[PDB]
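Input: a single structure, listed below in structure tokens.
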Amino acid sequence: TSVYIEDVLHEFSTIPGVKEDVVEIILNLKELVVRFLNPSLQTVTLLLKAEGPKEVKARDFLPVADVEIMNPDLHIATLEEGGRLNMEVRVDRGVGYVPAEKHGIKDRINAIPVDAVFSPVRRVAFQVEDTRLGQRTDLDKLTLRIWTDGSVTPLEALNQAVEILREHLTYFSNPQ
Amino acid sequence: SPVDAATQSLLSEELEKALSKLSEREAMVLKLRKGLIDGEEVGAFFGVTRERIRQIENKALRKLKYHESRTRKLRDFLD
Amino acid sequence: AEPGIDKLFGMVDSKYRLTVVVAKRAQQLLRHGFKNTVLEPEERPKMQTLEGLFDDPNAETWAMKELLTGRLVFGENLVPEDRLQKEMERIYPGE
Amino acid sequence: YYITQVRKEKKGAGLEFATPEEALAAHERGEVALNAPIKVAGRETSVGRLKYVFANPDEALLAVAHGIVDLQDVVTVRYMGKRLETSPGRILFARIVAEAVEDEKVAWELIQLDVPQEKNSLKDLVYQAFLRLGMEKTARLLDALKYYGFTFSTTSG
Amino acid sequence: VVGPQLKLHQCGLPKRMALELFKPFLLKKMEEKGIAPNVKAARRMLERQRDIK
Amino acid sequence: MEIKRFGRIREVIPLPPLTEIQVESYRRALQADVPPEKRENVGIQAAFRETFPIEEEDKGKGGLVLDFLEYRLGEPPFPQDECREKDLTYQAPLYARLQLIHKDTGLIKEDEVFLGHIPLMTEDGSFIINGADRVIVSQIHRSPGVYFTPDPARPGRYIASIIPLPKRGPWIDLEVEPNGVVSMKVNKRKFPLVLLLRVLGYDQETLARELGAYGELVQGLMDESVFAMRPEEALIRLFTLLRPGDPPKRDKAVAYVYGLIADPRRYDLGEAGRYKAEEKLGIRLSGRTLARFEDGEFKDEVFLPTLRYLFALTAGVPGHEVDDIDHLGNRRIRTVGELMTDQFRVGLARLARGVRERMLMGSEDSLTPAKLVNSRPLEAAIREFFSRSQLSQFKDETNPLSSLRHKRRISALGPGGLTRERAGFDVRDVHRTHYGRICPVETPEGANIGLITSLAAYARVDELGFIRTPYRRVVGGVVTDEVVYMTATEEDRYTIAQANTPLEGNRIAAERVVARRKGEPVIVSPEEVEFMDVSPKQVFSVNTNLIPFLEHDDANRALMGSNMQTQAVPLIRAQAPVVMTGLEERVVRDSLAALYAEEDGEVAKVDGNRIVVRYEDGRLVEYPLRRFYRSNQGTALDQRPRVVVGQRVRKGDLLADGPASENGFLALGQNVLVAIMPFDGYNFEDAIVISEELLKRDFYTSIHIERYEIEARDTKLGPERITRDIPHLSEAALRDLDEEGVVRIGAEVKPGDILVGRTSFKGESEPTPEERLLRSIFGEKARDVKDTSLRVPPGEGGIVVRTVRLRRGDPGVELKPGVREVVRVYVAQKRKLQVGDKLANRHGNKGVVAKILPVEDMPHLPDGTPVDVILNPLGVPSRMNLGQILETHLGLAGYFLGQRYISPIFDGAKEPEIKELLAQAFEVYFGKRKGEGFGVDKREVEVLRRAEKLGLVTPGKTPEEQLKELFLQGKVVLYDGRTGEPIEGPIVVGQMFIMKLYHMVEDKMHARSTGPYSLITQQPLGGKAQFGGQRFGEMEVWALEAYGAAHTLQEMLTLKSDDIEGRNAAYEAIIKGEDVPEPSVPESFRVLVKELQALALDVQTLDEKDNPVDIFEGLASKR
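Residue numbers (PDB author numbering), protein chains in the order written: chain A, 54 to 229; chain B, 340 to 378, 384 to 423; chain C, 2 to 96; chain D, 790 to 946; chain E, 632 to 684; chain F, 1 to 1119.
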């Protein structure tokens, strides 16, 4: 949701000792998949701090209780000798797509909010192909497939969905 | 420009409504003073001496200041 | 578009008249508060954040919802120009 | 235009059926064969016009619904006192307007449910409802056409 | 920009625009609702985008 | 990925340094890097030499010789980067060692004298004038020489014309009229051709038989036999047929002027003018024009050939002498140099004039230095030529491509001594010559057609501005690899063959072959072929040669497509096209967006800010990377570094990319999945619908910077301060105004906010009574100052990214008179892609975003993958640019196959090859399914029912198969993600490169309700905050007039503009709640009465009876 770098004031600066642009970095966190473990974490914050010859990666995020980083190896930034990089990355639990121009969060005044998507679902596809079974042969064979960052489960999802719908048919109740 | 021509409108009438809730014996002297001609406390009032100028002045002005605090008309400076 | 613009366009001798007439009546429908209206009781003007068009929304939409129903009257020279505003300011409360 | 139109396909064996009887049964099976389509050159009638015949306007549509006949297929339906030979789409259009404007008969006294709808075809229809009916009722007639037009189109493939 | 499901009768302009347009017609309504006591005041309300309730 | 190119016509030789037209010239122009010892005296060295030896002999006393020694430049006042931070030109030091002679004792030699400063050209090509990159636009004109044009009104015979440059070089014409009079208008009025032909010994006996005995026109020459009997008399006789008052005995008087020095002369001996003079006619001409003075006796190797050719023209057949005034062998282009050098000699004139007076002011020997020459002249003109010169404007640098096409643009409009703005029609047409010299498409649209043009890719100005083009030789069957860039004129001379002519190595391969004989498309024979075309690339300009299937796009659209590109705003998520013409790298490499490496080496430290190369020569260099810099247009420029750490680099290979540079190629847009079909009228006429998925993944987003400014004016009412004081309402408004005065970095600055605070003094010369009593009641000690603070203009503003102050103790700035200090608050915004925006492909499908749709319901392939944009088809039938439809087909195969393509202009890919890739694609697309364990939707089978009646598939074949045929056409079976139901009919999809367009300032949705007004006229005006009003055009007047919209029209003529009493009454009327006040009168009228009244004409209005009526309401009733 929002980042806060060490000595960076605004999103349009450049970190000495980091090839990356401060806008290429927050663009790199937008590819970070966290898996909260329980409801009591509508939000968590992850820290880091690296120096000298090192390629900051996910693993480098100092661990937290209910949080698992499925993305341990995705790049974050490239650091040379005498390069400092100590940041703060606020993660969140949400739904849909929300422009950073929409949430604009206020941790430390020098922070910069990141646009953020939430769907753990990367793409849904389904293939309804006939299926022969004795009697007749105009038999439908629905078989939806789901891919996912790992934040959640292809299966877990499929369930919440069918529920959300079941819960929705529910409004077809009281006439007027 | 229109927004100002409208302010003299509100200012006029509202100060003029808050002009009546006063003892004209001194109000109408400072009123027209800054108001009518030009703003000199000495040769200010017709007959009565100075100490009765400031008297009703500083008092009327203030009473005039708090009867408006209630009915907030000028507060949001028309200027 | 607008409810019975034809019927309205047909109760006059010129397109450009209906306009004036609805215009003039609308002005007076304001000039004199909003009670000089020729109808009100049941189903008449209405808005929706709450049913409030009943009091002061569109000036002219009214002029057209009245002049359409055969209640109002108008002519080239029907009633003496000055004593008009007189009685009108005399029978309708609002200011 | 896509919705109100017809098709025409491959002409193998000579089919001038209007006359014979055995030129129905034999050609109905051959249709179920690989020679006589449904949009076949049948002057007085193409096998399509025989197989499917419907009683109610609706009837036609459900069929289309069920992948039976497409909107651009030669079918036979029963409209007011007449066995009209047309396509589902053509009958649909009639509705589209008949609906836009509830005077279902009038709607008939102006629409050419025989040719595809083009630019002039419509133009005529617009200038028609204008004169004939009201004006505002004609405002909605356009919007209607706007809708059914922006929709069929996208699926027209 | 095209307004597909729009209706002849209407048209669609951005609020941000409308706001300036009938500005004064708004000021007055502003004073009618409790979102502002008086004009000049209301004027201020509508001077910065961030202060527009 | 993989890159596979197409077709092959062995491109023989690379493109020229795309900026040579600019750099290279300015070079030869001012040779500062080569000692006066070097042998080159053109432009600068020429102008100088030409304007120095000032031999003012006798007019009293003097006879002072002032020569030139060594010109030189050395060290500019400030560096570039600094010349944009502050506001100064990027000049250089320019002096030369001068010495004067005394017809007595002494030849003082006072060297260095910097008489001003001359601007310099960046390594890229542009200049820097006041902080803004400027570029000089190339220009064309009438090549000096002689031409014979069909006589204007007399369909009889034709006239002649002598054309010199400078303009001081007499523009002469010739013409005959048999019954007693012949003509020649040098300055003006006519006179005997022989009248002046005798001024050079040329007698009527040698002239009548040794010039035109083959011409019956010689009888029009012998005519006046009287003057034809006195040598040096016709030198005074004709001298008399002029008109001032002058002495008839001024020996070598004005005949000198038509000799050598300044007037008739062309730049340099050899080709500045003899090429035309000779090639075309005659044989020789020593010195420049008719030049000589060593004997007193004149020689005119000018006037004899002209007649010897006119009489040679108006008769027989020397050849076909008529001259096409628009042939590029007759029209010349003047690079930046000539344009500067010439405006550089106007300066040496104003100087040579101010100096001549000083040769008559000085006492005696203290004169060489400053007592004889001042910089005020040269320094005001040159400056004038860079600051105001019509032929010089802003550096269109929305993107690299742009700043390149500009640099190499050509405009007719210029000096005025060269093509103005009345004419055009025939001069606008594309000529039989522009082939391979100028694009036949690039030119603008509108009132400015053909006048402004851009040249071809291979073209280049040889020696004297006669745009040539790479042409290679062919001996009989044999086809050279050697190239001879040929001029227009010396081109027509041969039988050139086209580039796409079947080859067998070096042998044409067909009895018949298309060649072009002077703009004449002909099918010829091999043995005839003398020259061939290097490649298609040469026919067209640059921008154009960046389009995919050009060959399939109606040239009419090629233009849009070619200019669109220019409007290509540098996306943060830059990306090269799935299909490239070829010039991808060339553009970037040759413009200067990316940072390449000199020679081999490694990598020291790659900092988002700096790159230090590890050359294998022991040394190491840092390379600064302009981070987030502001461009004239506003499109940011940030060189992101690509090379990692301690990487063994390869010479010339890029280190970091530029704005539009992706991997090193030109990225102006974003390859994106398109599915060309109609939608619910969302893409109605030219609209576009989008896949919000494009937003989620910061795709069409761009970084734009704005620069707001303000000054502390030094009024006479009290200095203006820039304090943190907002005298009236809140601190909530001061917040971000952290710093005292200026704003804090990185603070969201929504509109209406305080970017900077300031304070001037309220009333003109007095406070206010009404306001007096009001301020006292709540605290009379109310700071009686005004809040004239600079605020964020309505519309938008991002977040502060850098500020610049300039208080007292000014470093080297140049605060203007009254300017106490200027402040700058640069702001930046991450403009995301939103409705109302415009996109387009290189073919011309220019369209505006009209609907952002949720992934969940827009067109999806069979396997979950949902398209990005939905283009309407109806946009392609008419605009005959099917080209774009090939780009998508080839494009699809580029997707599923995971690879790129290059499709050269004319020799590119063909339907078949593409039809093949599509098949090899159909596998990755369908093969999977067969293996992932799935068959075919109960829908696909349904679409296949329709897909045959349509006739896109062979009846009977297997469903599996049927899809291959279909897919291969470019079509697939898309599902309406809003229903699950299939778009009944196959639809084409695939990858299409689409660029975003730069928003003009007109885009800023404006809006006014009440604003300032001119002092004079009283009609509305905008400024810093309030929007300016709209101009109610006459046509707009008629429309309303036409309508019964009676009042509505008077509204516009008074209230909304011209009624002071009105709007005023009007505004308030509303607020309270009443029908507006019937319109007073317009000032426009009131101004007419008084305006008209200024003229003894009385305009008084009237009534029913002819009785007065007072417009200016009583204010005109005296006292």
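All C-beta atoms in this analysis are idealised placements derived from N, C-alpha and C, irrespective of residue type, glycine included.
Asked	Found
Could you check whether F/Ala574 and F/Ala660 sit closer than 8 angstroms to each other, using their CB atoms as the reference points?	yes
DSSP on D/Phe941, reduced to helix/strand/coil?	helix
To the nearest angstrom, how far is it from the Cα of D/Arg867 to the Cα of D/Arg921?	26 angstroms
Could you list which residues in chain E have their beta carbon closer than 8 angstroms to that of B/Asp420, in chain order?	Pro668, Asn669, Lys671, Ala672 and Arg675
Would the region 519-529 of chain F and the region 867-877 of chain F be scored as touching if the rule is three or more Cβ pairs under 8 angstroms?	no
Thinking C-alpha only, which one of F/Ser387, F/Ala947, F/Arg473 and F/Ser1014 is nearest F/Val988?	F/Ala947
Between which residues of its own chain and F/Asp554 is the CB-CB distance below 8 angstroms, once the five residues before and five after are set aside?	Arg879, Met880 and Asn881
Curious, which full-length beta strand (DSSP E) runs of at least 3 residues does the region 352-407 of chain F contain?	392-394
Leaving out five residues before and five after F/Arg610 in sequence, what residues of the same chain have Cβ atoms less than 8 angstroms from its Cβ?	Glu622, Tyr623, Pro624 and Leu625
Mind listing, in chain order, the continuous alpha helix (DSSP H) runs of no fewer than 4 residues lying wholly within the region 527-615 of chain F?	555-566 and 584-590
Closer than 9 angstroms, Cβ to any Cβ of chain F: which residues of the region 396-417 of chain B, in chain order?	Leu405, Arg406, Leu408, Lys409 and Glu412
Taking the alpha-carbon positions, what's the F/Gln204 to F/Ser225 distance?	8 angstroms
Using 8 angstroms as the threshold, is the C-beta distance between F/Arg27 and F/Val42 below it?	no
State the beta-bridge partners of F/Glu110 as determined by DSSP.	F/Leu98
In chain order, which alpha helix (DSSP H) runs of at least 4 residues are fully inside the region 278-329 of chain F?	303-313
Mind checking whether F/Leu413 and F/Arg420 have CB atoms under 8 angstroms apart?	yes
Could you tell me whether the Cβ atoms of F/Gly875 and F/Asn841 are closer together than 8 angstroms?	no
Can you tell me which of C/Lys66, C/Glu52 and C/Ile92 puts its alpha carbon nearest to the alpha carbon of C/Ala27?	C/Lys66
Can you grab the Cα-Cα spacing for the pair F/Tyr147 / F/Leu313, in whole Å?	11 angstroms
Using a cut-off of 7 angstroms between C-beta atoms, extract the partners of C/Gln28 located in chain F.	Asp1075
Taking the alpha-carbon of F/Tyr629 as reference, which of F/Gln991, F/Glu706 and F/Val645 has the nearest alpha-carbon?	F/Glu706
Could you check whether F/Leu221 and F/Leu193 sit closer than 8 angstroms to each other, using their CB atoms as the reference points?	yes
Should the region 194-203 of chain F be called in touch with the region 225-234 of chain F, which here means at least 3 C-beta pairs below 8 angstroms?	yes
Check the Cβ of D/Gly946 against every Cβ in chain F and list those closer than 9 angstroms, keeping chain order.	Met677, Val943, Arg946, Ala947, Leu950, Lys971, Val973, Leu974, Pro982, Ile983, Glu984, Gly985, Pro986 and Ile987
What residues are listed by DSSP as bridge partners for F/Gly818?	F/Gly818 pairs with nothing; no bridge assigned.
For the region 75-98 of chain A, which residues have a CB atom closer than 8 angstroms to at least one CB atom of chain F, in sequence order?	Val75, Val76, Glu77, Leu80 and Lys83
Counting only Cβ pairs nearer than 9 angstroms, list the residues of chain E close to D/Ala928.	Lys638, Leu639 and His640
Looking at F/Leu790 and F/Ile710, is the spacing between their C-beta atoms short of 8 angstroms?	yes
Nearest to F/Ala380 by CA position, among F/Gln1050, F/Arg345 and F/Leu367, is which residue?	F/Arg345
With 8 angstroms as the threshold, decide whether the Cβ of F/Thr865 is near any Cβ in chain A.	yes
In its own chain, which residues sit with a C-beta less than 8 angstroms from the C-beta of D/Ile885, not counting the 5 before and 5 after it?	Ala933, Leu934 and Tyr937
For A/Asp168, which residues in the same chain have their Cβ closer than 6 angstroms to its Cβ, ignoring the five residues on either side in sequence?	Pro152 and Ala153
If you measure beta-carbon to beta-carbon, which residues of the region 713-743 of chain F are closer than 8 angstroms to chain B?	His728
Can you name the start and end residues of the alpha helix (DSSP H) that F/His889 belongs to?	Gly883 to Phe896
Determine the extent of the alpha helix (DSSP H) in which F/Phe48 is found, giving its start and end residues.	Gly43 to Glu50
Pull up the DSSP beta-bridge partners for F/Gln829, would you.	F/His704
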